[PDB]
Amino acid sequence: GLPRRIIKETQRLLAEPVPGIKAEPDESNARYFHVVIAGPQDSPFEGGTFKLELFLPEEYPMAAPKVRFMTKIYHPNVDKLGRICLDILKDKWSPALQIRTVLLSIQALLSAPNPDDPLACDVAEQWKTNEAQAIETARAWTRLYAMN
Amino acid sequence: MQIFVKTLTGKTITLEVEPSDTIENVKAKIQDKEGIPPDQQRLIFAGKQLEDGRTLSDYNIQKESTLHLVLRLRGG
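For the record, the sequence lines run as chains A and B. According to full-length UniProt numbering, the residues represented by the first sequence are 3 to 150, in order. According to full-length UniProt numbering, the residues represented by the second sequence are 1 to 76, in order.
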């Protein structure tokens, strides 16, 4: 039985989009959605076309939608294989929340990292050791892996 | 000037303000009209966090611009 709330999330982002963000549904699956965050203005990641892919679980919209960060990125809140460590993808989900706010709060994650609650701890200790260095390294990784 | 907000769960609201108003003031106006306390709100402009004691001017926000919003606890 296909749930309506699933396709709604698509039909809304087609009707009304989020500036900096382009995305696409799949003909094969309404529970799986394809996304590119245009990288942020005046950022170490400025110029990157970060791809990601998104899944809507059988519980949705009583619990969270999951997401994998499919372009390489060097940052405090992303695990060695693309797992995005952001709490909103876990904690206190509700039906008021949309695939719209999920994509906006990961646009936020690129534009504003957290080095006070990290999971890539080697990058957090780089950002405490020298911010400008972490900036060069994030740029060097953007230019090598993200510009297509 | 007037500017807008269009992200929550199926609502628009509007913001009538000057170009040198702080974002801490803007937050107070959103608490004044949607109820959300100023520490919970984070406002975003084009994949960009709006820092609390800066202004419309510092982000180069202008007439008819549209902000969006995410809610947390720590931070501003």
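Where is the CB? At the ideal position from N, CA and C, for every residue including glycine.
Mind checking whether residue i and residue j have CB atoms under 8 angstroms apart?
| i | j | result |
| --- | --- | --- |
| residue 1/A | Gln49/B | Residue 1/A cannot be examined here, being either before or after the span of chain A that is shown, 3 to 150. |
| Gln43/A | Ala46/B | yes |
| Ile137/A | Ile108/A | no |
| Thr51/A | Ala32/A | no |
| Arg102/A | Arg14/A | yes |
| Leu73/B | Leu8/B | no |
| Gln2/B | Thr14/B | yes |
| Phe47/A | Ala140/A | yes |
| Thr66/B | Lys6/B | yes |
| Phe35/A | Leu4/A | no |
| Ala25/A | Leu106/A | no |
| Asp52/B | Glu24/B | yes |
Taking its Cβ as the centre, do 16 or more other Cβ atoms sit within 10 Å of residue i, making it buried, or is it exposed?
| i | result |
| --- | --- |
| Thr55/B | buried |
| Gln62/B | exposed |
| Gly35/B | exposed |
| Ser113/A | buried |
| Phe4/B | exposed |
| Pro21/A | exposed |
| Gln41/B | buried |
| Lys92/A | exposed |
| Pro97/A | exposed |
| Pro67/A | buried |
| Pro115/A | buried |
| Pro63/A | buried |
| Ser45/A | buried |
Under 7 angstroms Cβ to Cβ from residue i, same chain only, skipping five residues before and after it: list those, please.
| i | result |
| --- | --- |
| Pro120/A | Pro78, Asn79 and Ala126 |
| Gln135/A | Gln128 |
Only counting the same chain, and skipping five residues up and downstream in sequence, which positions put a Cβ closer than 8 angstroms to that of residue i?
| i | result |
| --- | --- |
| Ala65/A | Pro59 and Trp95 |
| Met72/A | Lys53, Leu54, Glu55 and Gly84 |
| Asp81/A | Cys87, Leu121 and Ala122 |
| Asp28/A | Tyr34, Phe35 and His36 |
Under 8 angstroms by Cβ, that's how I've got residue i and residue j pegged, so tell me the actual separation to the nearest angstrom.
| i | j | result |
| --- | --- | --- |
| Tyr76/A | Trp143/A | 4 angstroms |
| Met149/A | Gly84/A | The Cβ separation is near 18 angstroms, so there is no contact. |
Short of 6 angstroms in beta carbon distance, which residues of its chain neighbour residue i, apart from the five on each side in sequence? Order them along the chain.
| i | result |
| --- | --- |
| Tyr147/A | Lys74 |
| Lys27/B | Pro38 and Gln41 |
| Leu43/B | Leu50, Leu67 and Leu69 |
Contained beta strand (DSSP E) runs [length at least 3] in the UniProt domain "UBC core" (3–149) of chain A, N- to C-terminal order: 23–28, 31–40, 51–57 and 68–70
Alpha helix (DSSP H) segments (min. 4 residues) lying fully within the UniProt domain "Ubiquitin-like" (1–76) of chain B: 23–34 and 56–59
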